[PDB]
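A quick write-up on the structure given underneath.
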Amino acid sequence: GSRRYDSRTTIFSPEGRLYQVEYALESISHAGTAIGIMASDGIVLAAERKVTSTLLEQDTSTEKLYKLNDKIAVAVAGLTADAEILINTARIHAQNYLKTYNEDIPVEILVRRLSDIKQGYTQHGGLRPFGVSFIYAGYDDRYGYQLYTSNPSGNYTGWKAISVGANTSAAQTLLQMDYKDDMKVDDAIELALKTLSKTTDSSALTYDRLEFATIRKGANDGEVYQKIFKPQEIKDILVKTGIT
Amino acid sequence: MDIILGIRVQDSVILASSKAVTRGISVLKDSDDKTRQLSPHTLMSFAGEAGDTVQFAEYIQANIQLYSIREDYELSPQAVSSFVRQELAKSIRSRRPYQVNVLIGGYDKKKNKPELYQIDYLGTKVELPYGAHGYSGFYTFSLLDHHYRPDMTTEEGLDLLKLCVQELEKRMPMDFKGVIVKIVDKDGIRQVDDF
Amino acid sequence: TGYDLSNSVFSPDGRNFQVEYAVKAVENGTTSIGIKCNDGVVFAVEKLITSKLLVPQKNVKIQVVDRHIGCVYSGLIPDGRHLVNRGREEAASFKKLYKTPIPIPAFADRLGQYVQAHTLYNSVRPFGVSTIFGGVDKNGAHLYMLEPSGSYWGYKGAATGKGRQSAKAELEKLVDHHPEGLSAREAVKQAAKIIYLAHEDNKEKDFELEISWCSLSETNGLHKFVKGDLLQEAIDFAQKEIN
Amino acid sequence: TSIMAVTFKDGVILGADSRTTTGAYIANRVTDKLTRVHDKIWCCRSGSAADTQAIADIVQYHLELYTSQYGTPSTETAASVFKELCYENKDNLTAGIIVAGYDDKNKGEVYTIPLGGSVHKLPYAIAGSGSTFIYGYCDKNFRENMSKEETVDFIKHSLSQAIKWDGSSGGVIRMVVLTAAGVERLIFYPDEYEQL
Amino acid sequence: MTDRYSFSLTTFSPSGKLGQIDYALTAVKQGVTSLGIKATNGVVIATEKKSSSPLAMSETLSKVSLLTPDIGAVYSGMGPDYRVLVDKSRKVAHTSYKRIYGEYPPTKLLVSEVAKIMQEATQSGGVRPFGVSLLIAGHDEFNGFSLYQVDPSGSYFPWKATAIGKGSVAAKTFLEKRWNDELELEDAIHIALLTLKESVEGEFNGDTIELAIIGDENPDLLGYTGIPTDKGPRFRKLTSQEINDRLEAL
Amino acid sequence: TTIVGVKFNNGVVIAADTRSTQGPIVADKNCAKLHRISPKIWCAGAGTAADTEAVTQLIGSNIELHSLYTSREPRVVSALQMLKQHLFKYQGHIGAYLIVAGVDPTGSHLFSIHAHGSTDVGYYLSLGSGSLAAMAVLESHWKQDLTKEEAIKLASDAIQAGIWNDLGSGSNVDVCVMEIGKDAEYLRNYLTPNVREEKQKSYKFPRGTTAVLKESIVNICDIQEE
Amino acid sequence: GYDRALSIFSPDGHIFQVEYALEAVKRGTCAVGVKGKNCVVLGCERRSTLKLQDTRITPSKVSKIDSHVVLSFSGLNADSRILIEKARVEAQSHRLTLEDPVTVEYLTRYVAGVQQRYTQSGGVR
Amino acid sequence: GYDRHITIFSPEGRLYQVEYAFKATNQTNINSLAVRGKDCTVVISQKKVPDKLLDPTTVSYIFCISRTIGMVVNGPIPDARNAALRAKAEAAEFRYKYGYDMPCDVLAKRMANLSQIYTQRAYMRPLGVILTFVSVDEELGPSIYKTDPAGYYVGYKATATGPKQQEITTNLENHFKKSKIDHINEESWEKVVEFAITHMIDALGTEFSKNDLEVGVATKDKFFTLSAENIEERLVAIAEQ
Amino acid sequence: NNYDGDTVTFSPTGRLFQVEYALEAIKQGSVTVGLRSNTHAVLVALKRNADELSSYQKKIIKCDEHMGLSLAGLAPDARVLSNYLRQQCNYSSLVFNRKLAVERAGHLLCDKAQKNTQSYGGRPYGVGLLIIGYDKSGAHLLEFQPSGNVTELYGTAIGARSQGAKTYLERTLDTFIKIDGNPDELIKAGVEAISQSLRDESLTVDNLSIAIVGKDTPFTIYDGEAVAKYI
């Protein structure tokens, strides 16, 4: 009698969706709020860190911004233990394609290989599926800039602007009315900054606790250049926007 | 033996593969296709030991076609030679060495320019305006450099090939019973049965 | 509760519940004893006869490791023969490399590798048998009794089974008979009497006398079964003592 | 390098030539040809020094486990371990081995192990390069239960013919006394046996 | 809790967080008080030895271990649980780094593997992760002084002034107000002595108080001369006499 | 290649040159033959220098761990037995000629390894192609219980004699002095018999001598933001 | 499982795994198709109600296995990242080993065989 | 309550299997007394009165791992044999690879790591016995290290395992405090054995005979266990004082 | 009472209850009766079917020319053990060039059956077997039980109403032992014993299966009109 569902995750839940995935969604809401925006001139990525006060040095250490390549970039919102495994794994798969084919790996193929890892845990064995959500920002020579979202269920969908954490549906509403096809790099910086302030309980969002990164097409020869903005440069962003 | 020669003209890429396949002494068949079509914009031949090159270009074509369906985009010819070199690098280091040469060329739709890559049995990627294999290439290397120019059209490259093949069969006793020429341009693969 | 649910788990009383249940499995069965003398060792065990359909000198459970080590167990029949079959491959591994009979003091460790490990691992159930083995080697006579919990000790005499309580008190009386231990044939006559006194609970069915000894006197270091006139001599002697 | 062992009344004396010759050049003449795997149980080594040092050291920790788990080793028990290693390694590892121990019951015992390995009880063992000359000399002067001082001069005069008349074998003769008294190592200057 | 979801710790829990993480946080707050301070001229750490029988040897128990000669560490928790990660961390640093890179890995790359080892224990259903907290401090010529804190969740973050153990709550306010980045290394040593006193006093002598500092390269601790490129270890251990000197001068 | 060593009461000293030659042409003038095991134990390799350093990095990452696990000083025999088991793991396919020299709480010993993995013991040993040349020089210099000053002088004369004889040995010689209770002294460029002479005729060519086809400029830094 | 047993049957002859697997399809998107005389029409339903979705970069739910053989599913897109890739590998393997264009009946047995294999295999769904 | 009864972690933060492993040691009711002398080490454990158990002369609760290395075990015996055979196999390969005797720190360090590995295995339970490794190093001198069921190990001046260990530790606390030294000033091992027996009688509260005591002796370069005549000789000399 | 679902936990009775649950399959299975002598051995087994048109499957599997057995119990646990004995008989007749001993075959079956029951999960064997065979020591019958015990008897009976035939074999035991060399007396003896165990079931040629093996007569399966003379 019974003696099931307590070990292997292959047994389906009474609702048809595994309760382990539902509990992973709650861990995503406990993390920060990362809002990506896909545009023709680049992709803007910004998030608010969990650590606080004055004790932790927030200038050097960034857990929500990781660079896979000079084009593809990821935004980590979720559990760090499950995220670190795919960080080195994606770097291996991206360099193997660059080793074998000598080309930049597309986001659709790269995420598909990473999506099967989260799916393989719910497929074979009772291993824990990754409940961390990745925001994939990359550029290709065919479809241009591609922006997807990694769900703990193991799938991914295309998104122009996606938000995680608290107020997920509320952030997508503010970005819809402010969405523009002619939006430049600077136009996406201010609207993403004002939306993040309203969707979070902390309106302060200093320079150290907030991480800001933007891929720009206006570099030399139109090449993709990823510039990591230090908190010293983030402080100047609040002066231009007039919030702080 | 098994002559495969190719040259990149201005508006297209001219590739020629041998017809007759001689097994041992006697000639078993005088007409055979020594090349494989990867994508409509890319043509690749194979020559080497009997039976190793036939099976080699098959699963390579299956992997390229499989990777193209996943991305809904045709693999660029420049990345094709990189994937072939990766397999040929592991073949010489495995327990069974595989000596396979390929001529990888086509028309890139992104840059709107043709490209031709020459790869020997060692599996080295080399881009040249003309290429050949076997003992027949030794005669055509100095001849094409003295005559062919980057401004030569496709029609002149066909008549120039007739002069080369005529000298290859006259000087060397081997007879391949003609070559199969397939023009690779923006319009796709175009076969030529006049040869 | 989780205490008595899964085995191989510590208990608040200090003793695992599987140990108490393993002893009850050893207590249910025939009565096996042993006697360690100065010239050798003597083994005695009851053979339960269910009906007359049994064929004698067939189902005897005493197995002999090489010629110098006898083995007898009291407990589950399949677990007893399985442990002996392991020790045969274990004792043959020492004589293979070192070319020398395995010493009995170290022979208890080869059998202990299977018993002590199965108590630690959950996937395999521990043995429910108590094996009494012995013999004579270059270091002298030795007699050991292995417990189902994995522990073991040496004994000048030992008693296991249902009648282990009444037989242990009788083995202590043989110590007062001789300080150096009874002789080879003298111990067989005294062992059979202890067996015949242990059938009070087993009198419901028929029994068969089963005795095997290994000494340096008649066998000169060999383990053999009592046959010939030596079997009938111990039967008639102890039959008049219980009268 | 020639190794030999001769039993006496109270035990056996082991000896070896400490010179290691590579080609026409002697690398080191003090090299130890006797590896100690046990206090009272030793084994002689000859031939390639790499295969002998390897097999001797592999058995070294075998007796360490055999001492604590089983008991004190004997000459017959320790010598059988070298045979099992040389049986499977006969093609891969070719080395001569002579195992001569001492016990408190059977006193000394000498077991000759060939290149393929075996166990044979012999009063003396002859192996090594310069041992080619001692076959006829040792058997003539050999006696049963020789004296302790007579056995020392026996091997000293036996190796003297092998050291003086053969170059590959020589050096300082190191003799040891295995008996109930203890372990006593001896050292002999070359001119001692060269003048005799 | 002990629900059906906690039978295998790799499975998620209804509380939103992994149960094995919450069970590990209890042992951290119940452990000894350890801390670290990163100053301009060096990194100083302070900790108190675990109370044991008076017949025990205080010099045998070492709360400070060295993964590499230039990187020190201090921990609060079970003793054996710490040495298991040290045996793996030293092995990986000497295998996947020292061999191919020809040099010891920096503090950032060394801690990255230490957290990765703990992450493998979190994903394994049978293997349970350790409940000990790790404070790792190192010095190099590239990233400079750094002090990292490894949580049982399998991550790591730098901290200028922090503490772990039972006295981590009282030391959070003390080290923030009383210490800043403008203070030197000598002033940080006196603050570390007063920090442990806030949690508990007892005996402040150097017998039960183990102190460790990270300075510049010491040629006496190198063991040889060698090439000028190689330098001595940057770690220096305070003896029992040197600790009492800072106590009377406090 | 000529490498020897001298043992005295307070420690052991070794001598090795910087010359490494591949074939008839000299590949490198300054090549360090000294290999690192522990700070108190130094070794010198010979034969193939590529496989020797690979084994050095193999044991250098092993015994260093065991030294940190025990928190003590490993014995000199430990360094010899590990190197012997390494050649057994590779089945003797790697010829390795080294010298095991160091100190421990037990004392100061000396050992060496061979191609097949044999181990020898002795007070004075030679190594390299000049092993026969340097060993012969010390034959008349043997004396019991030499001092520290005589340990360096007698070792330097054996190396200098091999420089004038063995062509594979020469150029700069590095002497490593290891004393019990003192850090190892590494002397770089101790003996330099080579004297560089100035050219009589100027070989310097003025700018514009060689012909250049075409020029180009590339940048290794990141692309500009603007 | 520690002491637990993973074998599941239930008295109705229908395991709880398949009972709740069909619910994910019913709660997901709806799919429909009609086979005509000269053509096959396959409809698919996607949710565009969410804010700022790009169709071009989004992988289409209708996947093309072969030139004349396509595939369309209904359910979670996570399980489709594997089963679809399996049919694509077999499509190139059928045209290679057998030198035959992909057979619609044979490929259907392979797609249905992947789920068929996991039902009889333990520790996998 | 299911996870609290098995190796899985509990909300209390400490595993109950470690506490139940320590309680199984006091059920055997075997006291032990081990002190560190100057040049030697003497380990004396309380020997329960034998009847038929093992040999009447010596019932061994002290298992010798290797040369000059002793061990005394408290708790269930069936877990002691697997811990004794494992410590011997690690010592054989250690002296083969490093050509040196097993140190006292690593001997208890590798055993402590094995205890944490079995806790990470759900099928196999960890060792519930208290392992005390005793030896005498040449450079470091005599040292004693005890490993609790949790795995923690540290040096002890006087260690005790049993239900009465609190009285043995308290009585021996003032012994080293009065002499102000961490060892016994007596160089010879004859007086060291006579002293440990005297403190053991007053600590436990009763006397003992030659069959009620097992006296281990750890010396340099050699190791031996006193027989029945040597143990009785120490008791007669004390009675003649 | 969780000890009936766990084979690795010692029951308070001292032995697993799953074995007693497996013993019911022997009683609810086919009823067989057999006996032997110093020359030949006879096994009389009953064949059953699930329909009137259903054929009667043979309960006797031949693993050797001189050795055979009969199965009463679960179907899967039977033929799997038959392939093991089939390989052991071919292993001894090839490597050792000698027929497999009856006692050695019993110890191999106990080690294979206990390995699955003692280990976690596994495949417990709950079928009983009566194995007969001839060697230099004569005919031998070893009763195989799922509890792991193998005993050598002159004859016995298992299945439903096994006490009916068991009583007849005990009183007539002294008669059957002295009778040897006659197949007619040994086969007819098993017919009268099984008739007492069978209730509300007729004895026909298709229902009963008789097989005899010995020194003079090898193993032969008597079906159809072959058993019409003996019955």
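Lettering and numbering for the structure tokens are positional, with chains as A, B, ... in the shown order, residues counted from 1 in each chain, and ligands counted from 1 in the shown order.
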*Could you please tell me, as a PyMOL selection string, which residues of chain A have an atom within 10 Å of chain E when using only C-alpha atoms?*
chain A and resi 3-9+19-30+51+53-58+60-63+79-85+126-131
Dump of C-alpha atoms for the selected residues, as a PDB file, in the first residue's frame:
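And here's result_10.pdb as it stands now:
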ATOM      1  CA  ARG A   3       5.043   3.363  -0.687  1.00  0.00           C
ATOM      2  CA  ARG A   4       5.419   5.510  -3.814  1.00  0.00           C
ATOM      3  CA  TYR A   5       6.213   9.073  -4.920  1.00  0.00           C
ATOM      4  CA  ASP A   6       8.473   9.520  -1.876  1.00  0.00           C
ATOM      5  CA  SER A   7      11.696   8.717  -3.766  1.00  0.00           C
ATOM      6  CA  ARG A   8      11.573   8.843  -7.572  1.00  0.00           C
ATOM      7  CA  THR A   9      10.226  11.928  -9.338  1.00  0.00           C
ATOM      8  CA  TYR A  19       4.713  19.098  -7.347  1.00  0.00           C
ATOM      9  CA  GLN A  20       8.522  19.259  -7.284  1.00  0.00           C
ATOM     10  CA  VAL A  21       8.314  21.754 -10.155  1.00  0.00           C
ATOM     11  CA  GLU A  22       5.674  23.809  -8.332  1.00  0.00           C
ATOM     12  CA  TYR A  23       7.890  24.060  -5.248  1.00  0.00           C
ATOM     13  CA  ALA A  24      10.763  25.110  -7.522  1.00  0.00           C
ATOM     14  CA  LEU A  25       8.641  28.018  -8.773  1.00  0.00           C
ATOM     15  CA  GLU A  26       8.346  29.341  -5.212  1.00  0.00           C
ATOM     16  CA  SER A  27      12.139  29.341  -4.855  1.00  0.00           C
ATOM     17  CA  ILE A  28      12.330  31.501  -7.989  1.00  0.00           C
ATOM     18  CA  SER A  29      10.019  34.114  -6.456  1.00  0.00           C
ATOM     19  CA  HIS A  30      12.215  34.204  -3.337  1.00  0.00           C
ATOM     20  CA  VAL A  51      22.679  40.258  -0.208  1.00  0.00           C
ATOM     21  CA  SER A  53      23.861  46.053   4.212  1.00  0.00           C
ATOM     22  CA  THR A  54      27.532  47.130   4.056  1.00  0.00           C
ATOM     23  CA  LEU A  55      29.369  43.910   4.889  1.00  0.00           C
ATOM     24  CA  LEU A  56      29.430  42.045   1.566  1.00  0.00           C
ATOM     25  CA  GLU A  57      31.538  43.623  -1.169  1.00  0.00           C
ATOM     26  CA  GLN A  58      29.212  43.869  -4.170  1.00  0.00           C
ATOM     27  CA  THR A  60      33.678  42.413  -7.653  1.00  0.00           C
ATOM     28  CA  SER A  61      31.262  39.538  -6.994  1.00  0.00           C
ATOM     29  CA  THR A  62      28.250  39.172  -9.301  1.00  0.00           C
ATOM     30  CA  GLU A  63      26.204  35.974  -9.079  1.00  0.00           C
ATOM     31  CA  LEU A  79      19.141  28.437  -6.590  1.00  0.00           C
ATOM     32  CA  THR A  80      22.904  28.742  -7.017  1.00  0.00           C
ATOM     33  CA  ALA A  81      23.674  25.048  -6.434  1.00  0.00           C
ATOM     34  CA  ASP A  82      21.574  23.908  -9.398  1.00  0.00           C
ATOM     35  CA  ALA A  83      22.780  26.816 -11.554  1.00  0.00           C
ATOM     36  CA  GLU A  84      26.533  26.256 -11.172  1.00  0.00           C
ATOM     37  CA  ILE A  85      26.306  22.835 -12.840  1.00  0.00           C
ATOM     38  CA  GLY A 126      15.224  10.343  -9.043  1.00  0.00           C
ATOM     39  CA  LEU A 127      17.717  13.191  -9.287  1.00  0.00           C
ATOM     40  CA  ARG A 128      16.559  16.722  -8.542  1.00  0.00           C
ATOM     41  CA  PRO A 129      15.560  18.816 -11.571  1.00  0.00           C
ATOM     42  CA  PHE A 130      17.131  22.258 -11.697  1.00  0.00           C
ATOM     43  CA  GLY A 131      14.740  24.871 -10.330  1.00  0.00           C
TER      44      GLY A 131
END
*Interface list for chain C, partner chain H, 10 Å threshold, only C-alpha atoms, as a PyMOL selection string*: chain C and resi 1-16+109+112-113+115-124+142-145+147-158+168+171-172
*Fewer than 4 positions away in the same chain doesn't count, so skip those; otherwise give me all residues within 7 Å of residue 125 (chain D), counting only C-alpha atoms, as a VMD selection string.*
chain D and resid 4 to 5 112
Save out the residues we just selected, N, CA and C atoms, as an mmCIF file, in the first residue's frame.
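Saved result, result-v4.cif, follows:
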data_model
loop_
_atom_site.group_PDB
_atom_site.id
_atom_site.type_symbol
_atom_site.label_atom_id
_atom_site.label_comp_id
_atom_site.auth_asym_id
_atom_site.auth_seq_id
_atom_site.Cartn_x
_atom_site.Cartn_y
_atom_site.Cartn_z
ATOM 1 N N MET D 4 74.395 -16.863 -2.611
ATOM 2 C CA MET D 4 74.401 -18.238 -2.132
ATOM 3 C C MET D 4 74.044 -18.247 -0.653
ATOM 4 N N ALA D 5 73.552 -19.397 -0.194
ATOM 5 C CA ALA D 5 73.191 -19.591 1.202
ATOM 6 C C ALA D 5 73.534 -21.013 1.615
ATOM 7 N N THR D 112 64.661 -22.782 -3.201
ATOM 8 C CA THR D 112 65.136 -22.199 -4.449
ATOM 9 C C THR D 112 63.955 -21.906 -5.364
#
*asked:* Need to verify the contact set: region 86-89 of chain F, 10 Å, only C-alpha atoms, exclusion of same-chain residues closer than 2 positions in sequence. Can you return it as a list in words?
replied: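 Result of the neighbour search: residues 50, 51 and 54 of chain D; 55, 58, 59, 81, 82, 83, 84, 91, 92, 93, 94, 95, 96, 113, 114, 115, 116, 117 and 118 of chain F.
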*Write out as a ChimeraX atom specification the residues lying within 7 Å of residue 123 (chain D), counting only C-alpha atoms and excluding same-chain residues fewer than 6 positions away.*
/D:6-7,110
Residue selection dump (N, CA and C atoms) as a PDB file, in the first residue's frame:
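So again.pdb came out as:
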ATOM      1  N   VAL D   6      74.122 -21.155   2.801  1.00  0.00           N
ATOM      2  CA  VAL D   6      74.520 -22.451   3.338  1.00  0.00           C
ATOM      3  C   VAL D   6      73.976 -22.574   4.754  1.00  0.00           C
ATOM      4  N   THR D   7      73.254 -23.659   5.018  1.00  0.00           N
ATOM      5  CA  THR D   7      72.698 -23.900   6.340  1.00  0.00           C
ATOM      6  C   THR D   7      73.757 -24.475   7.275  1.00  0.00           C
ATOM      7  N   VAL D 110      65.998 -23.477   3.253  1.00  0.00           N
ATOM      8  CA  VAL D 110      66.368 -22.807   2.011  1.00  0.00           C
ATOM      9  C   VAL D 110      65.476 -23.344   0.901  1.00  0.00           C
TER      10      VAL D 110
END
*asked:* Please list as a ChimeraX atom specification every residue within 8 Å of region 134-144 of chain H, counting only C-alpha atoms and excluding residues in the same chain fewer than 6 positions away.
replied: /F:105 /H:34-41,68-72,103-104,155-157,218-220
*Rank nothing, just name the residue among E:144, E:226, E:202, E:31 nearest to chain F, using only C-alpha atoms.*
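Of the candidates, the smallest distance to chain F is held by E:226.
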*asked:* Tell me as JSON, numbers by chain which residues belonging to chain G come within 12 Å of chain I, counting only C-alpha atoms.
replied: {"G": [1, 2, 3, 4, 5, 6, 7]}
Can you build me a table of chain A residues sitting at most 9 Å from chain G, with the closest atom pair per residue and its distance in Å to one decimal, using only C-alpha atoms, sorted by chain and residue number, as JSON lines?
{"residue": "A:3", "atom": "CA", "partner": "G:4", "partner_atom": "CA", "distance": 5.5}
{"residue": "A:4", "atom": "CA", "partner": "G:6", "partner_atom": "CA", "distance": 6.3}
{"residue": "A:5", "atom": "CA", "partner": "G:6", "partner_atom": "CA", "distance": 8.5}
{"residue": "A:6", "atom": "CA", "partner": "G:1", "partner_atom": "CA", "distance": 7.6}
{"residue": "A:7", "atom": "CA", "partner": "G:1", "partner_atom": "CA", "distance": 5.2}
{"residue": "A:8", "atom": "CA", "partner": "G:123", "partner_atom": "CA", "distance": 7.0}
{"residue": "A:9", "atom": "CA", "partner": "G:123", "partner_atom": "CA", "distance": 8.8}
{"residue": "A:10", "atom": "CA", "partner": "G:125", "partner_atom": "CA", "distance": 5.2}
{"residue": "A:11", "atom": "CA", "partner": "G:17", "partner_atom": "CA", "distance": 6.0}
{"residue": "A:12", "atom": "CA", "partner": "G:17", "partner_atom": "CA", "distance": 5.5}
{"residue": "A:13", "atom": "CA", "partner": "G:20", "partner_atom": "CA", "distance": 7.0}
{"residue": "A:14", "atom": "CA", "partner": "G:20", "partner_atom": "CA", "distance": 6.4}
{"residue": "A:15", "atom": "CA", "partner": "G:20", "partner_atom": "CA", "distance": 6.8}
{"residue": "A:16", "atom": "CA", "partner": "G:20", "partner_atom": "CA", "distance": 4.5}
{"residue": "A:17", "atom": "CA", "partner": "G:24", "partner_atom": "CA", "distance": 7.0}
{"residue": "A:108", "atom": "CA", "partner": "G:59", "partner_atom": "CA", "distance": 8.0}
{"residue": "A:112", "atom": "CA", "partner": "G:81", "partner_atom": "CA", "distance": 6.7}
{"residue": "A:113", "atom": "CA", "partner": "G:81", "partner_atom": "CA", "distance": 8.8}
{"residue": "A:115", "atom": "CA", "partner": "G:78", "partner_atom": "CA", "distance": 7.6}
{"residue": "A:116", "atom": "CA", "partner": "G:81", "partner_atom": "CA", "distance": 6.8}
{"residue": "A:119", "atom": "CA", "partner": "G:78", "partner_atom": "CA", "distance": 7.0}
{"residue": "A:122", "atom": "CA", "partner": "G:125", "partner_atom": "CA", "distance": 8.0}
{"residue": "A:123", "atom": "CA", "partner": "G:124", "partner_atom": "CA", "distance": 5.6}
{"residue": "A:124", "atom": "CA", "partner": "G:124", "partner_atom": "CA", "distance": 4.7}
{"residue": "A:125", "atom": "CA", "partner": "G:123", "partner_atom": "CA", "distance": 5.5}
{"residue": "A:126", "atom": "CA", "partner": "G:123", "partner_atom": "CA", "distance": 7.4}
{"residue": "A:143", "atom": "CA", "partner": "G:57", "partner_atom": "CA", "distance": 7.0}
{"residue": "A:145", "atom": "CA", "partner": "G:57", "partner_atom": "CA", "distance": 8.9}
{"residue": "A:146", "atom": "CA", "partner": "G:57", "partner_atom": "CA", "distance": 6.5}
{"residue": "A:147", "atom": "CA", "partner": "G:57", "partner_atom": "CA", "distance": 8.0}
{"residue": "A:148", "atom": "CA", "partner": "G:58", "partner_atom": "CA", "distance": 8.2}
{"residue": "A:151", "atom": "CA", "partner": "G:78", "partner_atom": "CA", "distance": 9.0}
{"residue": "A:153", "atom": "CA", "partner": "G:78", "partner_atom": "CA", "distance": 6.3}
{"residue": "A:154", "atom": "CA", "partner": "G:78", "partner_atom": "CA", "distance": 4.8}
{"residue": "A:155", "atom": "CA", "partner": "G:78", "partner_atom": "CA", "distance": 4.1}
{"residue": "A:156", "atom": "CA", "partner": "G:78", "partner_atom": "CA", "distance": 7.6}
{"residue": "A:157", "atom": "CA", "partner": "G:58", "partner_atom": "CA", "distance": 5.6}
{"residue": "A:158", "atom": "CA", "partner": "G:58", "partner_atom": "CA", "distance": 4.5}
{"residue": "A:159", "atom": "CA", "partner": "G:53", "partner_atom": "CA", "distance": 4.7}
{"residue": "A:160", "atom": "CA", "partner": "G:52", "partner_atom": "CA", "distance": 5.2}
{"residue": "A:161", "atom": "CA", "partner": "G:52", "partner_atom": "CA", "distance": 6.0}
{"residue": "A:162", "atom": "CA", "partner": "G:52", "partner_atom": "CA", "distance": 8.0}
{"residue": "A:169", "atom": "CA", "partner": "G:51", "partner_atom": "CA", "distance": 8.7}
{"residue": "A:172", "atom": "CA", "partner": "G:51", "partner_atom": "CA", "distance": 5.8}
{"residue": "A:173", "atom": "CA", "partner": "G:51", "partner_atom": "CA", "distance": 6.9}
{"residue": "A:175", "atom": "CA", "partner": "G:51", "partner_atom": "CA", "distance": 8.1}
{"residue": "A:176", "atom": "CA", "partner": "G:51", "partner_atom": "CA", "distance": 6.2}
{"residue": "A:179", "atom": "CA", "partner": "G:52", "partner_atom": "CA", "distance": 8.3}
